[PDB]
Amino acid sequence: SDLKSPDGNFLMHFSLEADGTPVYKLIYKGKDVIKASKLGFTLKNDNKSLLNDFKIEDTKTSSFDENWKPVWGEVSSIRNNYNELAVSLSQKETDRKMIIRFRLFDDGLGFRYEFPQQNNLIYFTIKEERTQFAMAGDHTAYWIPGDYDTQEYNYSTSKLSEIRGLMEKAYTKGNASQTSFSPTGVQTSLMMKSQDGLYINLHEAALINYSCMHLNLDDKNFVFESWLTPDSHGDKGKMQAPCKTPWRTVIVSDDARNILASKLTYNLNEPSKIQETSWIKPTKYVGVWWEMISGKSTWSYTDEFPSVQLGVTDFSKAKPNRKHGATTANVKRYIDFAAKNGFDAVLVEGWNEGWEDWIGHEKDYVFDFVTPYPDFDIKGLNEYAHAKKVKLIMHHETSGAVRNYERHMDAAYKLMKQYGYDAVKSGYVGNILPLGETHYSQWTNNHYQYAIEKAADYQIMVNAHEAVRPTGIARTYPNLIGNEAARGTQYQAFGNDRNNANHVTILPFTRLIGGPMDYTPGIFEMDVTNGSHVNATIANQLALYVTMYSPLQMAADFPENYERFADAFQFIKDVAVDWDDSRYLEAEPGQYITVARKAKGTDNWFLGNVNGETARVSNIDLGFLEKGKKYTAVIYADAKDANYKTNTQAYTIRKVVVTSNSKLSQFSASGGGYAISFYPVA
C-alpha cells in the first residue's frame, strides 16, 4: 500500500479504483506532486488489455543501500539508497500477472512493470502504454516537441496550458528526419517548476528492449500520459513474458540544484557488465569538424559525379573538389595542435568514401566504414598521432542505413583496433531505412544497444549522434561515453535562431538526465564562415567544460581561433574531464547554473557558471575548498559590456588567492558565464 523515501520526505500511495484500475500518487513534504495517476497497457488484438480488473495478489517491501564507483562521473562514489514496494497484480477473467515495482529514493520515485513467466500471457504486443502523471497544477515546463526522429529543438519555457498554443512555433522544420505525433506531445526528460516552488522531472531509466517514452499532455486536467514510439509497423512493443519495462522516474526537490546532483537514473540501471574498465578513458579532443559544420569545408572529396557507388566510383581518379576537410595535411595540423595543448584525441569526419551522398538520399549502401578517401593516409596519420601520444576518434556516420552499418560493423571495429582507434562517434542522420522505421522505436533502440555491446567486446567507446536520448545505460555499459541526442553547438552554425541564449541552462535539467552529451563547446569565433552567429560569450564557452558534464569534451573551434585568444584558452587546456566530487552552487532552469568539481586524483577544482537571457550577479560560497589551504583562483569572466549578440569576445582574467572561507561575486552577461581554476598554493 504505502511507500516512503529513506528520509521520510516522500510518500507514494498505491491503490485500485473501484473498477480494478491501478493508480499511484506521490506526495513530497505533504504536498501533492503526482496526483492519482493510472497505470497499465492497451494491448493490440486482445480480448481485454491491461487497464483494469486487477486485484492485489501480494506485496513485498524491502530496502537497499550500497555505494558503487562509476568508471567516470561527477563523483568517485555514488549512493544507491531506496525503499522498494513490489505489488503483484492478478487480472480477473485472464488470471494474468503483472508486478509493479516502485523504488522511492530521497531524490524521488521510480517504477516499472514486470510480467513474470505465466501461462496466459506469452507473446503480446503493446498498442499503448497507459502510464500517467497527473500534475497538481498549471506548472511551468521546459520542453521540446514530441518527436519519433529528432530531439534537435530549442526548448520552450511555458505553462502547461500554453503548450498547445506554442506547438506551431516550437516545432521547427528543415530537419532531415523529424516526425510529430500530437499538438500537446513533448519529450522526456521533461523539466517542470510548480507555482509553489517544486522542481519536478519526468523521465525513464534503463531503456532496453522497449520503445522510447514520450509524454502526451491532456491540457485540460494536466495529466501527462506515456506515449511510446511506433515502429515500422505502427507497434509500440513486441513483448515476450517474462519481460519488464524501463523505469519511469519522477525526480523532485524544492531546491533546483538537487535535480542536477541526482543519480537516481543511473541508480535504476543494472551494475557495470564490463569487468575490466581501465581502457575506458575520459577524453578531451579537437577535430576536423566545425570546418564542415560552419561552411568552410566539405565532407565530400569530389563533385565530379551525380551520385557515387562504392566499389564502382574510382575516387583515386576523380577530380578533387579542393574543399575537402579531412586531408592528411589538415588532419596533421589538428594533431600538432592537440599534442601541443595536452589534448587526448582528434575527431576526423569525412575520412571515408561515400560522403558525396551522405544526406537526404535515403541510400542503403552509403558507406563501407573502412575505405579512406585518396587524400587521407589512414596509416600515416594514425602512426603520426600515436607518435605524438594522441589518438584519432573514428567517425561512423550511418545516414540512417542501420542494416548497412550492422553488416559492416565487425570489419569497421576491427579496422579501429588495427590502427589504435579506441573510440567511435556514430551517426544516424536522415530517415531510418527502410523508410517507415523511426529513430526511437524498440527496433531501432535495439540497434543502438547492439552497437554499444559489440563495441564493448572490442574495447571500444561509443558516442552516438541522433540516437535515442540516454536513460542511464552507461552504468551498465560505461563505454557509452556520449550521445548528442539533443540540440548541440552545431545548431549555432545553422542560422535561423541557432541556440537560445539560455539553452545550456536547460539541457542539464532535461537531456543530461540519463547521461552525458557531446555538446562540442569551446567556440571563440562566434561569427562563422557561412554567416551564422553563435549565441554565446567566450566566458560562456569556457564554463561549459564544467556546466555541461561529459567524460567527452570537445574544443570545437579551429586552432587559429584558439591562437587568437591564447590567454582564455588556458582554461580549456587546464580543465579536467573526470571528477571525484561535484557541487552545484546555483541553479534555476532556463536562467543559470553554477557548479564546482574536483579533478579526479587531484586537489584542483574547476568551476563554471552559465547564464541566460538576463544579465546577473552570481554569489557563491567557496567552502567546498579544503579547510586550511590557500588556493590560486584564476577567474575567466565576461567583461561588463559583454553580450552574446554583439560583443561576444570581451572577457577578463584575474588572479586572486582564496581559502575555504572566501565568498565570490561575479557578473555574468546575457548568454555569458564564468570559469575558475583553483590550484592549491605551493
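We number the residues from 1 along the sequence you see.
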Segment of higher mean CA temperature factor, 604-612 or 379-387: 379-387
Residue range whose averaged C-alpha B-factor is higher in the record, 123-131 or 282-290: 123-131
Residue, from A474, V223, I359, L544, that the PDB entry assigns the highest Cα B-factor: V223
Residue with maximal Cα B-factor (values as given in the PDB entry) among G522, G73, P242, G488: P242
For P22, the third of its chain into which the C-alpha B factor falls: lowest
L51 by Cα B-factor - lowest, middle or highest third of the modelled chain: highest
Ranked C-alpha temperature factor of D254 among modelled chain residues, by third: middle
Third of the chain, ranked by Cα B-factor, where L310 sits: middle
Modelled-residue ranking by C-alpha temperature factor, third containing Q187: lowest
